[PDB]
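*Asks:* Quick one: the structure is below, and I'll ask about it shortly.
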Amino acid sequence: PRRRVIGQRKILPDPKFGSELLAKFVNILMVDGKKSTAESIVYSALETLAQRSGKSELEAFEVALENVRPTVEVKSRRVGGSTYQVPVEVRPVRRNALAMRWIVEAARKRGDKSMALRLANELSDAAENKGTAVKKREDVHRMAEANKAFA
Amino acid sequence: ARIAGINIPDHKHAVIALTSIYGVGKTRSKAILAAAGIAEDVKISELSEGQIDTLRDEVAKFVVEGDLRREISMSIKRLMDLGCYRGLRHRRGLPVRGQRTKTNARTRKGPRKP
Amino acid sequence: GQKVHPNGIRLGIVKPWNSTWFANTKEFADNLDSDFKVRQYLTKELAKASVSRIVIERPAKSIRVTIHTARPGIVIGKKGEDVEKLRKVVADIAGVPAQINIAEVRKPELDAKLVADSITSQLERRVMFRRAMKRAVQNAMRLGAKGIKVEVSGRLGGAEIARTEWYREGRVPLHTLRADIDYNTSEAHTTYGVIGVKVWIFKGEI
Amino acid sequence: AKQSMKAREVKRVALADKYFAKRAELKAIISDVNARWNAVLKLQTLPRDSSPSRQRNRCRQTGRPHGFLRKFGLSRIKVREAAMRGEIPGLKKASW
Amino acid sequence: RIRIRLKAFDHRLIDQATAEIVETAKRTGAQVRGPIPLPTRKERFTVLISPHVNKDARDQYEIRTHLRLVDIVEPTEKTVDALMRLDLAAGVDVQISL
Amino acid sequence: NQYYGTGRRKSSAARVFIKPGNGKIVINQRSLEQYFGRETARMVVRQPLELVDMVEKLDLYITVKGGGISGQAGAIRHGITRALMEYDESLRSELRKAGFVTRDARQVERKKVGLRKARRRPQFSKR
Amino acid sequence: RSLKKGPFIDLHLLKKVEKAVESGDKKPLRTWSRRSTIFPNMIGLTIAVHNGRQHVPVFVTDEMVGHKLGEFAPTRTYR
RNA sequence: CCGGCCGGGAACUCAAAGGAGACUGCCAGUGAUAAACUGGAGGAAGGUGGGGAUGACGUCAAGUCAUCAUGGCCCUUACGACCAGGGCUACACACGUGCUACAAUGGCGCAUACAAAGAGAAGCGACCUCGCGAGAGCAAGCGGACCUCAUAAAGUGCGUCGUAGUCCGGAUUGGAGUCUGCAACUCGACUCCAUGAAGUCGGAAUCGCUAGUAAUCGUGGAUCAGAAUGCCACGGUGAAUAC
Ligand SMILES: [Mg+2]
Ligand SMILES: [Mg+2]
Ligand SMILES: [Mg+2]
Ligand SMILES: [Mg+2]
Ligand SMILES: [Mg+2]
Ligand SMILES: [Mg+2]
Ligand SMILES: [Mg+2]
Ligand SMILES: [Mg+2]
Ligand SMILES: [Mg+2]
Ligand SMILES: [Mg+2]
């Protein structure tokens with residue numbers, strides 16, 4: 001990205017619900033390239049969220065997710081000697097690229113017995129925005145807006 | 001549920017439990033639940049004392065626990081007595097089997113200090 | 001010290017191979033050495049026979065041996081003698097029997113190895129290294145050569161501190177694989193050290 | 001690389017087939033379920049250099065005992081010194 | 001009834017003793033189940049390039065070995081005189097039996 | 001006549017034969033399931049019948065060797081759209097748009113001396 | 001621990017031990033053969049086992065049997 | 001004999017020789033009507049398609065007199081040569097590179113699908129039989145798209161384990177062996193039975209990689225009697241991210 005600007009590879013809208021969104025989710029959660037066993041845990045955790053919320057599938061993900069999405073974020077900036085934390089209103093496409101990055105990240109750092117379990121409770125805490133990841137939204141806003149000044 | 005050793009184990013699947021003994025390690029275990037003829041994934045619940053003492057006799061067959069320790073130590077003391085290489089090394093607190101000492105001996109050398 | 005051998009990288013294309021034979025491991029071994037032994041003995045013999053390149057081929061239980069020289073009648077001797085005393089011991093060395101073929105070297109000033117060898121032969125006669133290189137170069141542009149270059153190396157003349165000094169005249173694309181390039185090599189064993197010659201001769205393309 | 005060390009290696013191949021391979025085969029069967037008159041092994045009192053595993057494997061031209069290849073019987077150094085003059089049939093810098 | 005295995009390191013060549021053998025058959029007696037290509041085995045010798053040190057340098061040479069099959073079905077005593085005494089090609093390896 | 005399409009992808013190569021009939025699928029003499037219908041991408045072997053219909057209209061007995069679970073299911077996938085050949089080239093346009101027509105030329109890249117594996121570079125420190 | 005089918009010992013050492021037994025033990029007994037498996041027929045004797053600079057005296061005993069001579073003649077002096 | 005297995009079949013898979021194909025050339029946007037870029041078309045492949053080979057003149061008296069060669073130097077009944085045994089494997093430590101982990105995206109048992117690329121006669125070694133096993137005896141085919149190494153592992157099934165220094169992790173050590181080789185004490189590699197350290201994710205600091213890549217999973221090979229967590233090759237599954 002010095003000069004060679006780029007687009008964004010696109011992935012294969014999810015083998016069950018037909019969404020690209022969840023297809024990035026699985027990947028995010030995927031590890032050592034185990035797609036075979038990746039969605040396995042994502043569907044089962046979307047299954048515990050399924051009826052443990054009733055609300056359904058599609059829409060229960062959409063909300064829980066809706067919370068851990070950030071609107072703004074700071075961005076380093078080494079100028080006259082100092083690093084200068086500069087706020088910048090962040091784009092939609094990433095606005096949840098994180099939200100998912102955090103939601104996944106939040107569940108591994110957790111006590112539940114299994115990944116389906118862990119992941120489930122994160123979505124659910126996030127449903128009522130009171131989980132680890134939602135806090136990462138909070139502390140991200142709280143980081144910018146302190147740099148409210150710079151703009 | 002005592003058996004063989006001072007040890008008083010049990011409360012999960014069998015084959016696993018038996019490993020508790022200092023002298024049985026999975027194979028000697030499988031072999032005993034088979035030589036005494038008992039289910040191998042069963043807890044002690046349902047497991048009658050009547051069965052437990054049949055096993056107790058099976059393990060009685062090998063040098064487990066206390067005796068094993070002593071016999072195993074006698075083996076090491078014999079070494080040292082003979083003033084051989086494999087013993088000169090036991091006394092000097094370093095790897096017996098040739099492993100390098102120039103680095104990474106640690107396990108057989110105790111946490112490094114000065 | 002970071003150029004690919006010019007001959008080597010060509011082989012696949014435009015450049016031949018000075019051993020064509022086939023063998024299957026078990027004998028590939030003994031074979032390779034047999035070769036070294038013939039190119040060894042023959043070079044020390046045909047030293048002053050301006051020999052430019054000696055090819056070898058074993059066809060089933062035979063060894064042929066071809067000899068590119070620029071003085072055929074010296075290699076051959078009196079109506080066929082020298083060829084014998086050679087052939088003889090050449091077939092003796094390789095064990096299996098041997099013919100021998102004397103290829104004539106047309107316009108030797110174009111044969112790299114024969115150029116180097118002269119530059120070498122001269123430095124040991126004790127001649128101005130600069131002069132020799134320049135002579136060599138010309139006689140080649142003279143006879144066509146769409147390019148050439150020779151460089152020597154170290155204790156050039158005497159210098160306790162060693163040099164190289166090249167001399168490119170014409171064209172010499174050591175990157176173009178089509179390019180016919182004849183590259184070879186000769187060292188001179190002087191009284192003050194060992195000077196190494198590399199000659200490139202650019203002959204065309206396709 | 002040091003005549004003497006070369007020479008050593010030649011006498012090694014020499015004896016390697018005088019006794020061993022030949023006379024030493026009397027140990028393969030002489031030590032198999034044929035039971036015992038223990039003279040059987042004892043007989044390993046022969047030249048020492050007479051065993052084949054005692055042969056190093058040296059560059060056929062220079063004697064270098066490292067970087068050797070059974071195909072060409074040469075050190076990687078000489079392999080390439082010849083490779084780039086054809087010298088080795090069918091052998092060329094390759095890619096893929 | 002008689003197949004001749006064929007191998008040499010150079011390809012712009014092996015299929016020339018091939019199409020010579022095959023030709024020096026059909027014209028004569030004849031038959032020949034066409035010349036078959038067959039897996040060319042390729043040895044790969046990769047060695048350190050520096051006289052000393054620099055394990056990251058190295059040359060990567062190879063040796064392609066090419067095969068050709070032949071297979072002649074009608075052994076005409078004439079075609080036998082055609083394989084024999086009409087042949088050569090120093091760098092090629094021929095195998096008459098199997 | 002047997003109306004055929006090859007198709008192949010990374011190390012695998014599948015041959016897809018077509019013949020109007022049912023909604024049954026043979027591969028290496030297997031049920032769509034008994035080979036990998038019940039693993040990652042059963043849905044993709046069928047896939048090449050989306051904007052082009054079947055549900056039980058046309059038949060397909062195939063084979064395939066080389067590569068793996070998803071290479072073999074990619075190879076076949078190619079061969080189907082390739083066999084839809086015969087049934088005109090009207091349908092072989094939204095098969096472009098589908099992407100199914102292309103040959104996924106992504107190969108395993110070599111392990112190249114000096115590295116650990118193609119790209120992977122030996123970690124280094126200066127001192 | 002190796003050997004499996006026919007324990008090993010050098011001939012010169014073995015017949016250096018009958019040059020003692022039937023004859024009575026002489027002074028210490030020199031062999032460089034640190035490979036040889038120690039035998040019962042050696043108990044009570046002393047074998048001088050080379051280690052680099054000299055031969056270390058070793059009184060064979062009712063349990064140095066299976067082991068080698070080299071096992072009782074340290075080769076690396078570390079103080 | 002439900003075994004491409006036998007007739008055949010020359011279609012297909014492949015095999016290896018020879019061919020065409022991609023040029024910013026086509027529409028268009030941008031840009032000075034230019035170069036170029038960008039988007040679209042068709043196309044297996046669009047913008048040097050993917051990768052490799054190829055490393056200019058030169059910089060570091062950079063590395064190599066131990067691969068070899070060689071000027072000078074020095075030893076020469078010793079600085080040379082031969083033999084045994086030892087040593088290069090030492091061990092308060094420090095640093096570099098790596099391998100194995102701390103575990104349920106996992107361990108375990110049983111069932112079970114799908115590779116690629118190499119290797120080989122002083123070789124690869126089937127089959128059978130013995131041995132829990134490593135291995136062993138006997139013995140076929142194979143100079144090899146035929147035969148052998150050779151049952152890929154991740155994966156998917158069931159089941160079990162239920163967050164514990166654990167059914168995680170396997171160091172260390174004891175005991176008993178197996179094979180190579182005159183020879184496994186120093187110091188070989190494997191195996192069976194016990195043994196079950198540290199380790200619950202790693203301070204300051206720091207590295208790799210932009211796509212079939214990283215990450216992970218197995219496979220072969222050169223050296224080699226024997227001795228790979230190294231090295232060189234191979235395909236399996238398969239990301240994230242670039243304002
Ligand atoms: Mg350490
Ligand atoms: Mg010398
Ligand atoms: Mg050796
Ligand atoms: Mg890979
Ligand atoms: Mg310098
Ligand atoms: Mg230096
Ligand atoms: Mg000299
Ligand atoms: Mg050393
Ligand atoms: Mg375990
Ligand atoms: Mg971990």
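Order determines the names: the first chain of the structure tokens is A, the second B, and so forth; residues in each chain are numbered 1 upward, and ligands are numbered 1 upward as they are shown.
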Could you list, as a PyMOL selection string, all the residues within 9 Å of ligand 5, counting only C-alpha atoms (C1' of nucleotides) and all ligand atoms?
*Replies:* chain H and resi 60-63
*Asks:* Export N, CA, C and O atoms (P, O5', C5', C4', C3', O3' and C1' of nucleotides) of the chosen residues as a PDB file, in the first residue's frame?
*Replies:*
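As written to disk, part-v2.pdb reads:
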ATOM      1  P     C H  60      35.772  -0.767  -0.483  1.00  0.00           P
ATOM      2  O5'   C H  60      35.395  -1.811   0.662  1.00  0.00           O
ATOM      3  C5'   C H  60      35.401  -1.423   2.029  1.00  0.00           C
ATOM      4  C4'   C H  60      34.581  -2.356   2.888  1.00  0.00           C
ATOM      5  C3'   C H  60      35.241  -3.671   3.281  1.00  0.00           C
ATOM      6  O3'   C H  60      36.072  -3.561   4.426  1.00  0.00           O
ATOM      7  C1'   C H  60      33.046  -4.089   2.493  1.00  0.00           C
ATOM      8  P     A H  61      37.489  -2.805   4.391  1.00  0.00           P
ATOM      9  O5'   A H  61      38.234  -3.393   3.115  1.00  0.00           O
ATOM     10  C5'   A H  61      39.642  -3.605   3.126  1.00  0.00           C
ATOM     11  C4'   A H  61      40.006  -4.876   2.403  1.00  0.00           C
ATOM     12  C3'   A H  61      40.282  -6.092   3.287  1.00  0.00           C
ATOM     13  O3'   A H  61      39.745  -7.264   2.674  1.00  0.00           O
ATOM     14  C1'   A H  61      42.147  -5.673   1.901  1.00  0.00           C
ATOM     15  P     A H  62      38.698  -8.189   3.469  1.00  0.00           P
ATOM     16  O5'   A H  62      37.383  -7.288   3.577  1.00  0.00           O
ATOM     17  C5'   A H  62      36.713  -7.116   4.816  1.00  0.00           C
ATOM     18  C4'   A H  62      35.532  -8.045   4.952  1.00  0.00           C
ATOM     19  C3'   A H  62      35.822  -9.538   4.846  1.00  0.00           C
ATOM     20  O3'   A H  62      36.319 -10.099   6.049  1.00  0.00           O
ATOM     21  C1'   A H  62      33.982  -9.003   3.472  1.00  0.00           C
ATOM     22  P     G H  63      37.569 -11.116   6.041  1.00  0.00           P
ATOM     23  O5'   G H  63      36.908 -12.509   5.633  1.00  0.00           O
ATOM     24  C5'   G H  63      35.680 -12.910   6.222  1.00  0.00           C
ATOM     25  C4'   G H  63      35.177 -14.230   5.689  1.00  0.00           C
ATOM     26  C3'   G H  63      36.217 -15.222   5.183  1.00  0.00           C
ATOM     27  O3'   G H  63      36.845 -15.955   6.225  1.00  0.00           O
ATOM     28  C1'   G H  63      34.456 -15.064   3.621  1.00  0.00           C
TER      29        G H  63
END
*Asks:* Quick one: which segment 1-61 of chain A residues come within 9 Å of segment 86-110 of chain A, and what is the nearest atom pair for each with the distance in Å to one decimal, counting only C-alpha atoms, rows ordered by chain and ascending number, as CSV?
*Replies:*
residue,atom,partner,partner_atom,distance
A:21,CA,A:97,CA,9.0
A:24,CA,A:97,CA,8.1
A:25,CA,A:100,CA,6.3
A:28,CA,A:101,CA,6.5
A:29,CA,A:104,CA,6.0
*Asks:* Quick one: residues within 8 Å of residue 59 of chain D, only C-alpha atoms (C1' of nucleotides) counted, chain neighbours fewer than 2 positions away excluded, as a CSV table (one decimal) with N, CA and C atoms, in the first residue's frame?
*Replies:*
chain,number,residue,atom,x,y,z
D,57,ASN,N,34.2,-42.3,2.1
D,57,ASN,CA,33.5,-41.8,0.9
D,57,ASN,C,34.0,-40.4,0.6
D,61,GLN,N,38.1,-36.8,-6.9
D,61,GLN,CA,39.1,-36.0,-7.4
D,61,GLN,C,40.0,-35.3,-6.4
D,62,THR,N,39.3,-34.7,-5.4
D,62,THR,CA,40.0,-33.9,-4.3
D,62,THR,C,40.2,-34.7,-3.0
D,63,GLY,N,39.3,-35.6,-2.7
D,63,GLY,CA,39.5,-36.4,-1.4
D,63,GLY,C,38.6,-35.8,-0.3
D,64,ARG,N,38.1,-34.6,-0.5
D,64,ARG,CA,37.2,-34.0,0.5
D,64,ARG,C,36.2,-35.1,0.9
D,65,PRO,N,36.1,-35.3,2.2
D,65,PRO,CA,35.2,-36.3,2.8
D,65,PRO,C,33.8,-35.8,3.1
D,66,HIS,N,33.5,-34.5,2.9
D,66,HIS,CA,32.2,-33.9,3.1
D,66,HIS,C,31.6,-33.5,1.8
D,68,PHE,N,29.6,-34.9,-0.5
D,68,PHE,CA,29.9,-35.9,-1.5
D,68,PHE,C,28.6,-36.4,-2.1
D,73,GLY,N,30.2,-39.2,-7.5
D,73,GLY,CA,31.4,-39.5,-6.8
D,73,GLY,C,32.3,-38.3,-6.6
D,74,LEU,N,31.7,-37.1,-6.5
D,74,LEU,CA,32.4,-35.9,-6.4
D,74,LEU,C,31.9,-35.0,-5.2
D,75,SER,N,32.8,-34.1,-4.8
D,75,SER,CA,32.4,-33.1,-3.8
D,75,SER,C,31.6,-32.0,-4.5
*Asks:* Tell me which protein, DNA and RNA residues are within 7 Å of segment 108-110 of chain F, counting only C-alpha atoms (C1' of nucleotides), leaving out same-chain ones fewer than 6 positions away, and put them as a list in words.
*Replies:*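 Returned residues: residues 118 of chain F; 51 and 212 of chain H.
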*Asks:* What does the file look like for those residues with N, CA and C atoms (P, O5', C5', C4', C3', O3' and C1' of nucleotides), as a PDB file, in the first residue's frame?
*Replies:*
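Resulting contents of result_31.pdb:
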ATOM      1  N   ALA F 118       8.337 -21.806   0.994  1.00  0.00           N
ATOM      2  CA  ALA F 118       7.762 -20.926  -0.028  1.00  0.00           C
ATOM      3  C   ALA F 118       7.922 -19.449   0.316  1.00  0.00           C
TER       4      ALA F 118
ATOM      5  P     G H  51       3.950 -14.677  -8.344  1.00  0.00           P
ATOM      6  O5'   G H  51       5.047 -15.831  -8.429  1.00  0.00           O
ATOM      7  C5'   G H  51       5.274 -16.670  -7.311  1.00  0.00           C
ATOM      8  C4'   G H  51       5.932 -17.973  -7.687  1.00  0.00           C
ATOM      9  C3'   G H  51       7.405 -17.914  -8.041  1.00  0.00           C
ATOM     10  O3'   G H  51       8.260 -17.767  -6.920  1.00  0.00           O
ATOM     11  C1'   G H  51       6.286 -19.273  -9.604  1.00  0.00           C
ATOM     12  P     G H 212      -2.147 -17.107  -5.307  1.00  0.00           P
ATOM     13  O5'   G H 212      -2.736 -18.585  -5.302  1.00  0.00           O
ATOM     14  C5'   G H 212      -1.933 -19.687  -4.898  1.00  0.00           C
ATOM     15  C4'   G H 212      -2.009 -19.908  -3.409  1.00  0.00           C
ATOM     16  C3'   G H 212      -1.230 -21.113  -2.885  1.00  0.00           C
ATOM     17  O3'   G H 212      -0.745 -20.810  -1.578  1.00  0.00           O
ATOM     18  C1'   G H 212      -3.480 -21.343  -2.292  1.00  0.00           C
TER      19        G H 212
END
*Asks:* For ligand 1, collect every residue having any atom at a distance of at most 10 Å from a ligand atom (counting only C-alpha atoms (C1' of nucleotides) and all ligand atoms); output as a list in words.
*Replies:*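 Checking only C-alpha atoms (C1' of nucleotides) and all ligand atoms against ligand 1 at 10 Å gives residues 103, 104, 105 and 106 of chain B; 94 and 95 of chain H.
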*Asks:* Convert the current residue selection to file output with N, CA, C and O atoms (P, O5', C5', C4', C3', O3' and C1' of nucleotides), as a PDB file, in the first residue's frame.
*Replies:*
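Listed below is the output, again.pdb:
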ATOM      1  N   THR B 103      24.505 -27.203  27.451  1.00  0.00           N
ATOM      2  CA  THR B 103      23.265 -26.479  27.681  1.00  0.00           C
ATOM      3  C   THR B 103      22.167 -27.463  28.012  1.00  0.00           C
ATOM      4  O   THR B 103      22.396 -28.671  28.039  1.00  0.00           O
ATOM      5  N   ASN B 104      20.982 -26.926  28.272  1.00  0.00           N
ATOM      6  CA  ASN B 104      19.781 -27.727  28.466  1.00  0.00           C
ATOM      7  C   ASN B 104      20.019 -29.102  29.090  1.00  0.00           C
ATOM      8  O   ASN B 104      19.780 -30.136  28.460  1.00  0.00           O
ATOM      9  N   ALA B 105      20.509 -29.100  30.326  1.00  0.00           N
ATOM     10  CA  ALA B 105      20.496 -30.293  31.163  1.00  0.00           C
ATOM     11  C   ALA B 105      19.457 -30.088  32.268  1.00  0.00           C
ATOM     12  O   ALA B 105      18.798 -31.030  32.705  1.00  0.00           O
ATOM     13  N   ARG B 106      19.336 -28.833  32.698  1.00  0.00           N
ATOM     14  CA  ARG B 106      18.286 -28.345  33.606  1.00  0.00           C
ATOM     15  C   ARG B 106      17.450 -29.370  34.392  1.00  0.00           C
ATOM     16  O   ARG B 106      17.538 -29.419  35.619  1.00  0.00           O
TER      17      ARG B 106
ATOM     18  P     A H  94      22.102 -18.444  32.375  1.00  0.00           P
ATOM     19  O5'   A H  94      22.616 -17.515  31.186  1.00  0.00           O
ATOM     20  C5'   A H  94      22.976 -16.158  31.408  1.00  0.00           C
ATOM     21  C4'   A H  94      23.637 -15.562  30.189  1.00  0.00           C
ATOM     22  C3'   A H  94      22.878 -15.742  28.882  1.00  0.00           C
ATOM     23  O3'   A H  94      21.865 -14.771  28.694  1.00  0.00           O
ATOM     24  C1'   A H  94      25.111 -16.411  28.570  1.00  0.00           C
ATOM     25  P     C H  95      20.473 -15.195  28.017  1.00  0.00           P
ATOM     26  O5'   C H  95      20.768 -15.069  26.458  1.00  0.00           O
ATOM     27  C5'   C H  95      21.280 -13.862  25.919  1.00  0.00           C
ATOM     28  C4'   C H  95      21.945 -14.088  24.589  1.00  0.00           C
ATOM     29  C3'   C H  95      21.125 -14.818  23.545  1.00  0.00           C
ATOM     30  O3'   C H  95      20.166 -13.994  22.916  1.00  0.00           O
ATOM     31  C1'   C H  95      23.296 -15.715  23.591  1.00  0.00           C
TER      32        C H  95
END
*Asks:* Within 9 Å of ligand 2 (counting only C-alpha atoms (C1' of nucleotides) and all ligand atoms), which residues show up? I'd like them as a list in words.
*Replies:*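 Checking only C-alpha atoms (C1' of nucleotides) and all ligand atoms against ligand 2 at 9 Å gives residues 1, 2, 3 and 62 of chain D; 68 of chain H.
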*Asks:* Which residues form the shell of 12 Å around ligand 9 when you count only C-alpha atoms (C1' of nucleotides) and all ligand atoms, given as a ChimeraX atom specification?
*Replies:* /B:16,19,25-26 /H:101,103,106-108,166-170,196
*Asks:* Please identify all polymer residues within 12 Å of residue 148 of chain A, counting only C-alpha atoms (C1' of nucleotides), omitting same-chain residues fewer than 2 positions from it, and present them as a PyMOL selection string.
*Replies:* chain A and resi 72-74+85-89+141-146+150-151
*Asks:* Convert the current residue selection to file output with N, CA, C and O atoms, as a compact mmCIF listing (two decimals), in the first residue's frame.
*Replies:*
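Once everything was written out, this is selection.txt:
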# COMPACT_ATOMS: atom_id res chain seq x y z
N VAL A 72 -16.19 5.44 16.14
CA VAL A 72 -14.95 6.18 15.96
C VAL A 72 -13.79 5.41 16.58
O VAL A 72 -14.00 4.49 17.36
N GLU A 73 -12.57 5.81 16.23
CA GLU A 73 -11.37 5.19 16.78
C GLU A 73 -10.15 6.07 16.58
O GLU A 73 -10.05 6.80 15.59
N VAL A 74 -9.21 6.00 17.52
CA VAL A 74 -7.98 6.76 17.41
C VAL A 74 -6.98 6.05 16.51
O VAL A 74 -7.05 4.83 16.32
N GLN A 85 -2.39 10.81 19.44
CA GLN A 85 -3.50 9.90 19.16
C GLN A 85 -4.63 10.64 18.45
O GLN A 85 -5.35 11.42 19.07
N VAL A 86 -4.78 10.40 17.15
CA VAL A 86 -5.75 11.14 16.35
C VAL A 86 -7.04 10.36 16.09
O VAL A 86 -7.00 9.25 15.55
N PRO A 87 -8.19 10.94 16.47
CA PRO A 87 -9.47 10.26 16.25
C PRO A 87 -9.88 10.31 14.79
O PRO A 87 -9.57 11.28 14.11
N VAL A 88 -10.57 9.27 14.33
CA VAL A 88 -11.06 9.25 12.96
C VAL A 88 -12.30 8.37 12.86
O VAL A 88 -12.31 7.21 13.29
N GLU A 89 -13.37 8.94 12.30
CA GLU A 89 -14.63 8.24 12.16
C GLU A 89 -14.46 7.04 11.22
O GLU A 89 -14.24 7.20 10.02
N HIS A 141 -14.35 4.10 22.33
CA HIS A 141 -14.95 5.43 22.33
C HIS A 141 -14.27 6.28 23.39
O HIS A 141 -13.94 7.44 23.15
N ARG A 142 -14.07 5.69 24.57
CA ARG A 142 -13.49 6.42 25.71
C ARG A 142 -12.06 6.86 25.41
O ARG A 142 -11.55 7.78 26.06
N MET A 143 -11.42 6.22 24.44
CA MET A 143 -10.06 6.58 24.06
C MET A 143 -10.08 7.80 23.15
O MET A 143 -9.47 8.82 23.46
N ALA A 144 -10.77 7.71 22.02
CA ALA A 144 -11.11 8.90 21.26
C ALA A 144 -12.04 9.69 22.16
O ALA A 144 -12.33 9.26 23.27
N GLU A 145 -12.49 10.86 21.72
CA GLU A 145 -13.39 11.68 22.53
C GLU A 145 -12.66 12.26 23.75
O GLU A 145 -13.05 13.30 24.27
N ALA A 146 -11.62 11.57 24.21
CA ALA A 146 -10.65 12.17 25.11
C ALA A 146 -9.70 12.98 24.24
O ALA A 146 -9.23 14.04 24.64
N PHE A 150 -8.25 17.01 19.24
CA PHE A 150 -7.71 16.76 17.91
C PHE A 150 -8.84 16.29 17.00
O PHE A 150 -9.64 15.45 17.40
N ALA A 151 -8.90 16.82 15.78
CA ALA A 151 -10.01 16.51 14.88
C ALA A 151 -9.79 17.01 13.46
O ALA A 151 -10.44 16.54 12.52
*Asks:* May I have the residues of chain B within 10 Å of chain G, counting only C-alpha atoms, written as a ChimeraX atom specification?
*Replies:* /B:78-79,82-88
*Asks:* Near residue 11 of chain G, counting only C-alpha atoms (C1' of nucleotides), which residues have an atom at most 10 Å away, once you skip same-chain residues fewer than 4 positions from it, shown as an MDAnalysis selection string?
*Replies:* (chainID D and resid 42:45) or (chainID G and resid 15:17 33 36)
*Asks:* Quick one: distance from atom CA of residue 54 of chain A to atom CA of residue 130 of chain A in Å, one decimal?
*Replies:*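 Spanning atom CA of residue 54 of chain A to atom CA of residue 130 of chain A is a straight-line distance of 19.4 Å.
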*Asks:* Based on DSSP run over this structure's backbone, return all residues of chain F in strand (DSSP E or B), as a ChimeraX atom specification.
*Replies:* /F:3-5,8-9,12-20,25-27,30-31,37,39,58-65,117,120
